[PDB]
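Visitor: Here you go, input.txt (compact mmCIF, C-alpha atoms and all ligand atoms):
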# COMPACT_ATOMS: atom_id res chain seq x y z
CA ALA X 1 101.23 -19.20 -54.63
CA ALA X 2 104.28 -20.81 -56.11
CA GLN X 3 107.97 -20.12 -55.97
CA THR X 4 109.80 -21.81 -58.84
CA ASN X 5 113.40 -22.86 -58.50
CA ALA X 6 113.09 -22.35 -54.74
CA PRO X 7 115.85 -23.51 -52.36
CA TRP X 8 115.50 -27.22 -51.74
CA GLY X 9 114.34 -26.81 -48.13
CA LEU X 10 111.35 -24.61 -49.12
CA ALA X 11 110.25 -27.03 -51.77
CA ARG X 12 110.63 -29.99 -49.44
CA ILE X 13 108.40 -28.37 -46.89
CA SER X 14 105.55 -28.11 -49.38
CA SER X 15 105.89 -31.59 -50.84
CA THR X 16 105.22 -35.18 -49.82
CA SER X 17 108.18 -36.21 -51.95
CA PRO X 18 111.78 -35.14 -52.09
CA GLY X 19 113.43 -33.73 -55.21
CA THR X 20 110.85 -31.12 -56.17
CA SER X 21 111.81 -27.52 -56.84
CA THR X 22 108.70 -25.47 -56.32
CA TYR X 23 107.62 -24.03 -53.00
CA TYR X 24 103.83 -23.94 -52.81
CA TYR X 25 102.30 -21.75 -50.17
CA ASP X 26 99.39 -19.58 -49.21
CA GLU X 27 99.66 -15.94 -50.28
CA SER X 28 98.96 -14.81 -46.69
CA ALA X 29 102.58 -15.84 -46.09
CA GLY X 30 102.53 -15.26 -42.30
CA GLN X 31 101.43 -11.60 -42.39
CA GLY X 32 100.21 -10.54 -38.95
CA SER X 33 102.62 -12.78 -37.00
CA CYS X 34 105.97 -12.06 -35.41
CA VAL X 35 109.16 -14.02 -35.18
CA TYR X 36 111.86 -13.23 -32.74
CA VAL X 37 115.25 -14.33 -33.89
CA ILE X 38 117.52 -14.90 -30.93
CA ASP X 39 120.98 -15.10 -32.50
CA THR X 40 124.00 -13.03 -33.57
CA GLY X 41 121.71 -10.26 -34.82
CA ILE X 42 120.15 -9.49 -38.21
CA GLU X 43 121.41 -7.32 -41.03
CA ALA X 44 118.05 -5.55 -41.13
CA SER X 45 119.16 -3.47 -44.14
CA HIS X 46 119.33 -6.55 -46.40
CA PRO X 47 117.04 -5.89 -49.35
CA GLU X 48 115.70 -9.43 -48.92
CA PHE X 49 113.95 -8.36 -45.71
CA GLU X 50 112.08 -5.59 -47.48
CA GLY X 51 112.14 -3.52 -44.34
CA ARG X 52 110.28 -6.26 -42.40
CA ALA X 53 113.22 -6.72 -40.05
CA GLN X 54 114.26 -4.81 -36.97
CA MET X 55 116.84 -5.13 -34.24
CA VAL X 56 115.19 -4.71 -30.86
CA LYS X 57 117.85 -5.79 -28.43
CA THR X 58 121.57 -6.37 -28.08
CA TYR X 59 123.63 -7.60 -25.17
CA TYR X 60 126.91 -6.39 -26.72
CA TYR X 61 128.43 -3.04 -27.76
CA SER X 62 126.67 -3.17 -31.11
CA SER X 63 123.36 -4.39 -32.43
CA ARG X 64 124.93 -5.50 -35.70
CA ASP X 65 125.41 -9.04 -36.97
CA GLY X 66 129.14 -9.33 -37.44
CA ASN X 67 128.79 -13.09 -37.69
CA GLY X 68 126.17 -13.68 -40.34
CA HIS X 69 124.42 -16.78 -39.19
CA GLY X 70 121.80 -14.79 -37.36
CA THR X 71 121.06 -13.06 -40.69
CA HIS X 72 121.02 -16.51 -42.31
CA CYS X 73 118.48 -17.78 -39.80
CA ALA X 74 116.25 -14.79 -40.11
CA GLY X 75 116.43 -15.23 -43.87
CA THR X 76 115.05 -18.76 -43.68
CA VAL X 77 112.29 -17.54 -41.47
CA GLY X 78 110.95 -14.80 -43.62
CA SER X 79 113.15 -13.40 -46.34
CA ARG X 80 111.53 -12.78 -49.70
CA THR X 81 113.45 -15.38 -51.67
CA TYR X 82 114.72 -17.74 -48.99
CA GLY X 83 112.04 -17.56 -46.31
CA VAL X 84 109.09 -19.74 -45.33
CA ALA X 85 106.82 -16.96 -44.06
CA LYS X 86 107.46 -14.32 -46.67
CA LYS X 87 105.38 -11.60 -45.05
CA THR X 88 106.20 -12.03 -41.37
CA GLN X 89 107.73 -9.42 -39.10
CA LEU X 90 111.25 -10.13 -37.86
CA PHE X 91 112.75 -8.91 -34.58
CA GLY X 92 116.37 -9.57 -33.84
CA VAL X 93 117.70 -10.22 -30.37
CA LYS X 94 121.51 -10.31 -30.14
CA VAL X 95 122.47 -12.82 -27.44
CA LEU X 96 125.43 -14.22 -29.34
CA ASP X 97 128.69 -12.44 -30.07
CA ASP X 98 130.28 -11.91 -33.45
CA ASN X 99 132.10 -15.11 -32.84
CA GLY X 100 128.83 -16.91 -32.37
CA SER X 101 129.38 -17.34 -28.62
CA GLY X 102 127.24 -16.33 -25.68
CA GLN X 103 127.06 -16.98 -21.95
CA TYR X 104 124.11 -18.86 -20.51
CA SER X 105 123.23 -15.79 -18.41
CA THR X 106 122.89 -13.63 -21.51
CA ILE X 107 120.83 -16.17 -23.40
CA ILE X 108 118.43 -16.47 -20.48
CA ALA X 109 118.10 -12.70 -20.27
CA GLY X 110 117.34 -12.67 -24.00
CA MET X 111 114.50 -15.14 -23.49
CA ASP X 112 113.00 -13.23 -20.56
CA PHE X 113 113.23 -10.15 -22.72
CA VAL X 114 111.15 -11.53 -25.60
CA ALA X 115 108.49 -12.75 -23.16
CA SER X 116 108.05 -9.17 -21.93
CA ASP X 117 108.71 -7.24 -25.20
CA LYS X 118 106.11 -9.16 -27.14
CA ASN X 119 103.52 -7.27 -25.04
CA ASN X 120 104.50 -3.97 -26.69
CA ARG X 121 104.24 -5.31 -30.26
CA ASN X 122 101.40 -5.65 -32.73
CA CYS X 123 101.32 -9.30 -33.69
CA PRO X 124 97.67 -10.08 -34.10
CA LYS X 125 98.43 -13.52 -35.50
CA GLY X 126 100.86 -14.77 -32.86
CA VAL X 127 104.43 -14.73 -31.70
CA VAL X 128 107.24 -17.12 -32.47
CA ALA X 129 110.77 -17.41 -31.11
CA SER X 130 113.56 -19.17 -33.03
CA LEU X 131 116.63 -20.31 -31.15
CA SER X 132 119.40 -21.71 -33.32
CA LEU X 133 121.81 -22.21 -30.46
CA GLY X 134 122.52 -24.37 -27.47
CA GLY X 135 125.10 -26.07 -25.33
CA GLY X 136 125.53 -28.55 -22.55
CA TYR X 137 122.64 -29.34 -20.32
CA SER X 138 121.57 -26.55 -18.02
CA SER X 139 118.42 -26.58 -15.98
CA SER X 140 118.22 -22.81 -15.89
CA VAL X 141 118.50 -22.45 -19.65
CA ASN X 142 115.78 -25.08 -19.98
CA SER X 143 113.68 -23.25 -17.48
CA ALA X 144 114.00 -19.97 -19.41
CA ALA X 145 112.80 -21.69 -22.56
CA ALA X 146 109.80 -23.13 -20.71
CA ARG X 147 108.86 -19.71 -19.35
CA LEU X 148 109.03 -18.23 -22.85
CA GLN X 149 106.85 -21.00 -24.13
CA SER X 150 104.37 -20.59 -21.28
CA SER X 151 104.21 -16.82 -21.86
CA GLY X 152 102.42 -17.52 -25.14
CA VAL X 153 105.30 -17.70 -27.59
CA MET X 154 105.92 -20.59 -29.96
CA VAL X 155 109.50 -21.65 -29.09
CA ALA X 156 111.54 -23.52 -31.69
CA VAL X 157 115.08 -24.69 -30.82
CA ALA X 158 117.82 -26.64 -32.55
CA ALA X 159 118.49 -30.21 -31.47
CA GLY X 160 122.27 -29.73 -31.71
CA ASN X 161 125.01 -30.82 -34.10
CA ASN X 162 126.81 -33.46 -32.08
CA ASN X 163 125.33 -36.52 -33.70
CA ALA X 164 124.17 -37.52 -30.22
CA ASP X 165 121.19 -37.73 -27.93
CA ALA X 166 119.72 -34.23 -27.51
CA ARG X 167 118.99 -34.97 -23.82
CA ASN X 168 122.41 -33.71 -22.80
CA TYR X 169 121.91 -30.34 -24.48
CA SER X 170 120.03 -27.15 -23.47
CA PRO X 171 117.61 -25.69 -24.42
CA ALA X 172 117.12 -28.75 -26.68
CA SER X 173 116.30 -31.02 -23.74
CA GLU X 174 113.39 -28.84 -22.60
CA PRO X 175 110.38 -30.94 -23.40
CA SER X 176 107.85 -28.16 -23.45
CA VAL X 177 109.46 -26.46 -26.47
CA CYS X 178 109.81 -27.55 -30.12
CA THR X 179 113.07 -29.42 -30.65
CA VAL X 180 114.15 -29.55 -34.28
CA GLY X 181 116.45 -32.08 -35.96
CA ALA X 182 118.10 -31.71 -39.40
CA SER X 183 117.47 -33.54 -42.68
CA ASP X 184 119.27 -33.50 -46.02
CA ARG X 185 118.17 -33.25 -49.64
CA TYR X 186 117.80 -37.02 -49.90
CA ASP X 187 115.50 -37.38 -46.89
CA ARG X 188 118.33 -38.68 -44.78
CA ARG X 189 118.91 -37.55 -41.21
CA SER X 190 121.73 -34.97 -41.29
CA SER X 191 125.01 -36.66 -40.36
CA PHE X 192 125.64 -34.16 -37.56
CA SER X 193 122.06 -33.94 -36.32
CA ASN X 194 121.32 -34.87 -32.71
CA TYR X 195 118.46 -37.31 -32.21
CA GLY X 196 116.51 -38.80 -29.35
CA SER X 197 113.08 -39.03 -27.79
CA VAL X 198 113.14 -35.32 -26.98
CA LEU X 199 113.05 -34.31 -30.67
CA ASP X 200 109.65 -33.23 -31.91
CA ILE X 201 110.29 -32.81 -35.60
CA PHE X 202 112.82 -32.65 -38.44
CA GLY X 203 113.29 -29.78 -40.83
CA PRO X 204 115.72 -29.26 -43.70
CA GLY X 205 119.18 -28.40 -42.43
CA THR X 206 121.82 -29.59 -44.91
CA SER X 207 123.10 -27.09 -47.47
CA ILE X 208 120.66 -24.27 -46.82
CA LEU X 209 120.81 -21.24 -49.10
CA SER X 210 119.85 -17.97 -47.43
CA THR X 211 120.83 -14.42 -46.62
CA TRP X 212 124.26 -13.44 -45.34
CA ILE X 213 125.89 -10.26 -44.09
CA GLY X 214 127.05 -7.65 -46.54
CA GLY X 215 123.84 -8.05 -48.56
CA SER X 216 125.00 -11.43 -49.85
CA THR X 217 123.85 -15.05 -49.68
CA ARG X 218 125.33 -18.29 -48.44
CA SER X 219 124.63 -21.97 -48.11
CA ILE X 220 125.41 -23.50 -44.71
CA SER X 221 124.41 -26.58 -42.72
CA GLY X 222 123.16 -27.40 -39.20
CA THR X 223 120.14 -28.06 -36.92
CA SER X 224 120.56 -24.31 -36.80
CA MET X 225 119.27 -24.11 -40.41
CA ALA X 226 116.34 -26.49 -39.74
CA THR X 227 114.98 -24.61 -36.72
CA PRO X 228 113.99 -21.46 -38.70
CA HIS X 229 112.06 -23.59 -41.26
CA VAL X 230 109.93 -24.77 -38.34
CA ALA X 231 109.68 -21.30 -36.79
CA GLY X 232 108.68 -19.99 -40.22
CA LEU X 233 106.11 -22.80 -40.74
CA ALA X 234 104.64 -22.09 -37.33
CA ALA X 235 104.18 -18.35 -38.14
CA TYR X 236 102.62 -19.34 -41.44
CA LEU X 237 100.05 -21.68 -39.85
CA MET X 238 99.28 -19.21 -37.09
CA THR X 239 98.24 -16.56 -39.56
CA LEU X 240 96.18 -19.19 -41.32
CA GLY X 241 94.43 -19.81 -37.99
CA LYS X 242 95.28 -23.52 -38.14
CA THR X 243 96.97 -23.44 -34.78
CA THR X 244 98.04 -21.35 -31.79
CA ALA X 245 101.37 -20.73 -30.13
CA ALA X 246 100.64 -23.32 -27.42
CA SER X 247 99.76 -26.16 -29.75
CA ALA X 248 101.77 -25.31 -32.88
CA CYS X 249 104.58 -27.84 -32.31
CA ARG X 250 102.04 -30.64 -31.92
CA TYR X 251 100.00 -29.50 -34.88
CA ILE X 252 103.17 -29.60 -37.03
CA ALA X 253 103.99 -33.13 -35.84
CA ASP X 254 100.42 -34.32 -36.34
CA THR X 255 100.39 -33.02 -39.90
CA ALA X 256 103.99 -33.91 -40.72
CA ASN X 257 105.30 -36.26 -43.39
CA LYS X 258 105.55 -39.53 -41.56
CA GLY X 259 108.15 -42.24 -42.02
CA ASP X 260 109.98 -40.57 -44.92
CA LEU X 261 113.36 -40.11 -43.29
CA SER X 262 116.22 -42.53 -43.22
CA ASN X 263 119.03 -42.98 -40.73
CA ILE X 264 116.53 -42.34 -37.90
CA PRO X 265 117.55 -44.34 -34.84
CA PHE X 266 114.94 -46.31 -32.88
CA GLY X 267 113.26 -44.00 -30.39
CA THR X 268 113.43 -40.90 -32.55
CA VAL X 269 110.34 -39.57 -34.30
CA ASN X 270 110.25 -39.90 -38.04
CA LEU X 271 108.46 -36.69 -38.91
CA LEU X 272 109.32 -34.00 -41.41
CA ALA X 273 107.82 -30.52 -41.38
CA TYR X 274 105.04 -30.20 -43.96
CA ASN X 275 102.76 -27.33 -44.82
CA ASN X 276 99.94 -29.40 -46.34
CA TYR X 277 99.28 -26.74 -48.97
CA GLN X 278 96.48 -27.35 -51.46
CA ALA X 279 95.75 -24.93 -54.27
CA CA S 1 108.98 -30.92 -27.16
HG HG S 2 121.56 -18.93 -37.08
HG HG S 3 120.67 -20.06 -40.78
As a first step, turn the structure in this file into structure tokens.
Guide:
Amino acid sequence: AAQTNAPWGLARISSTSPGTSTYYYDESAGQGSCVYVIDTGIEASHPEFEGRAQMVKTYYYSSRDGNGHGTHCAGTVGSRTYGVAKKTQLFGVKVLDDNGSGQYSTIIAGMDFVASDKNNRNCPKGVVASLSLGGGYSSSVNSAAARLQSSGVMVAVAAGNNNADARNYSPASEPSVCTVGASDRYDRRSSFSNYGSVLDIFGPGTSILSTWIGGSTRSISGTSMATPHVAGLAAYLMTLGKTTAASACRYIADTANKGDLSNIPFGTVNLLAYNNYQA
């Protein structure tokens, strides 16, 4: 299939070269897989989700996304127009408050929750978890991510927006998970993107158009925007049977666009998510 005039990030992900505008992809579009979006929540009622989204857990008074970025993230994962895996199932887990904040304790609980909950869902093709959040190093937060990963869920997490080494950030510093850095339209590392040996891959994260609360759309930037591209790509490949939850991150890196990025400091991988689609 082909999506003309797609958002830059989607096109990038299906091209060996920057500057294209069509998103090529397999019609299967991730049907059969499930992506948990651990964020501020999801405006499930957004027409872009086509009823493929559901809230399954909140740690606050309401299950609603009063922030928007959670909706944005989910959109990049599997919205009709803005998503990578256009036919995936989305489950929102509200660990962050309407201000976009959350306590380590809550975030951990949210991870333990997905590990369990997945057992009651029908996701024949696999389970993914997308975590566009983080903070200062914590061994417990890291540990929670590792458990989730070991439970059979493909865990994708943002590298952080400090323009620093991701080693001092959690759950970014957890080696067993998939740490995602940001890239811009010109194949440059995103100015704010964290880097370091702990990163596994880069995805598009500068000026990302996607869904927003109130049934609208919005373009924002961050390693937070890149993460969902990877989570989406993972769901997509899983339904294709190319890879499993345990080896997805490595499969993505193996098959990535190599050496295309600029502004990549020595010691950081130079790999860009790539779907390798061939009509
Ligand atoms: Ca890793
Ligand atoms: Hg987000
Ligand atoms: Hg987002």
Visitor: Sorted by chain and rising residue number, which residues of chain X lie within 8 Å of ligand HG 3 (chain S), and what are their closest atom pairs and distances in Å to one decimal, counting only C-alpha atoms and all ligand atoms, as a Markdown table?
Guide:
| residue | atom | partner | partner_atom | distance |
| --- | --- | --- | --- | --- |
| X:69 | CA | S:HG3 | HG | 5.2 |
| X:70 | CA | S:HG3 | HG | 6.4 |
| X:71 | CA | S:HG3 | HG | 7.0 |
| X:72 | CA | S:HG3 | HG | 3.9 |
| X:73 | CA | S:HG3 | HG | 3.3 |
| X:74 | CA | S:HG3 | HG | 6.9 |
| X:75 | CA | S:HG3 | HG | 7.1 |
| X:76 | CA | S:HG3 | HG | 6.5 |
| X:132 | CA | S:HG3 | HG | 7.7 |
| X:208 | CA | S:HG3 | HG | 7.4 |
| X:210 | CA | S:HG3 | HG | 7.0 |
| X:220 | CA | S:HG3 | HG | 7.1 |
| X:221 | CA | S:HG3 | HG | 7.8 |
| X:222 | CA | S:HG3 | HG | 7.9 |
| X:224 | CA | S:HG3 | HG | 5.8 |
| X:225 | CA | S:HG3 | HG | 4.3 |
| X:226 | CA | S:HG3 | HG | 7.8 |
| X:228 | CA | S:HG3 | HG | 7.1 |
Visitor: So how many Å separate CA of residue 185 in chain X and CA of residue 211 in chain X, to one decimal?
Guide: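 Atom-to-atom, CA of residue 185 in chain X to CA of residue 211 in chain X, that is 19.3 Å.
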Visitor: From the set X:264, X:42, X:154, X:279, which residue has the shortest atom-to-atom contact distance to residue 244 in chain X, counting only C-alpha atoms?
Guide: X:154
Visitor: Write out as a PyMOL selection string which residues come within 8 Å of range 88-99 of chain X when counting all atoms listed in the file, dropping same-chain ones fewer than 5 positions away.
Guide: chain X and resi 29-42+52-60+63+65-67+74+78+106-107+110+235
Visitor: At a cut-off of 9 Å, using all atoms listed in the file, what residues contact residue 275 in chain X? Leave out same-chain residues fewer than 2 positions from it and give the result as a ChimeraX atom specification.
Guide: /X:13-15,24-25,233,236-237,252,255-256,273,277
Visitor: For CA of residue 51 in chain X and CA of residue 79 in chain X, determine how far apart the two atoms are, in Å to one decimal place.
Guide: 10.1 Å
Visitor: How many Å separate CA of residue 207 in chain X from CA of residue 82 in chain X?
Guide: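 CA of residue 82 in chain X lies 12.6 Å from CA of residue 207 in chain X.
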Visitor: Kindly compute an axis-aligned box around the listed atoms of range 113-122 of chain X, allowing 8 Å on each side, and express its centre and edge lengths in Å to one decimal as AutoDock Vina command-line options.
Guide:
--center_x 107.3 --center_y -8.4 --center_z -27.3 --size_x 27.8 --size_y 24.8 --size_z 26.8
Visitor: With all atoms listed in the file as the atoms that count, which of X:270, X:257, X:223, X:197 lies nearest to ligand CA 1 (chain S)?
Guide: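 When distances to ligand CA 1 (chain S) are compared using all atoms listed in the file, the smallest one comes from X:197.
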Visitor: May I have the residues within 9 Å of ligand CA 1 (chain S), computed using only C-alpha atoms and all ligand atoms, as a list in words?
Guide: residues 172, 173, 174, 175, 176, 177, 178, 179, 180, 198, 199, 200, 201, 249 and 250 of chain X
Visitor: Which residues of range 19-135 of chain X come within 12 Å of range 161-171 of chain X, and what is each one's closest atom pair and distance in Å (one decimal), counting only C-alpha atoms, sorted by chain and residue number, as JSON lines?
Guide:
{"residue": "X:104", "atom": "CA", "partner": "X:170", "partner_atom": "CA", "distance": 9.7}
{"residue": "X:107", "atom": "CA", "partner": "X:171", "partner_atom": "CA", "distance": 10.1}
{"residue": "X:108", "atom": "CA", "partner": "X:171", "partner_atom": "CA", "distance": 10.1}
{"residue": "X:111", "atom": "CA", "partner": "X:171", "partner_atom": "CA", "distance": 11.0}
{"residue": "X:130", "atom": "CA", "partner": "X:171", "partner_atom": "CA", "distance": 11.5}
{"residue": "X:131", "atom": "CA", "partner": "X:171", "partner_atom": "CA", "distance": 8.7}
{"residue": "X:132", "atom": "CA", "partner": "X:171", "partner_atom": "CA", "distance": 9.9}
{"residue": "X:133", "atom": "CA", "partner": "X:171", "partner_atom": "CA", "distance": 8.1}
{"residue": "X:134", "atom": "CA", "partner": "X:170", "partner_atom": "CA", "distance": 5.5}
{"residue": "X:135", "atom": "CA", "partner": "X:169", "partner_atom": "CA", "distance": 5.4}
Visitor: With distances taken over all atoms listed in the file, which residue among X:120, X:3, X:227, X:193 lies nearest ligand HG 2 (chain S)?
Guide: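 The answer is X:227, which sits nearest to ligand HG 2 (chain S).
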Visitor: Measuring between only C-alpha atoms, which one of X:205, X:68, X:7, X:267 shows the shortest distance to residue 191 in chain X?
Guide: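 The closest residue to residue 191 in chain X is X:205.
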Visitor: Rank X:155, X:265, X:117, X:9 by their smallest atom-to-atom distance to residue 206 in chain X, using all atoms listed in the file, and report the top residue only.
Guide: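 Smallest distance to residue 206 in chain X is found for X:9.
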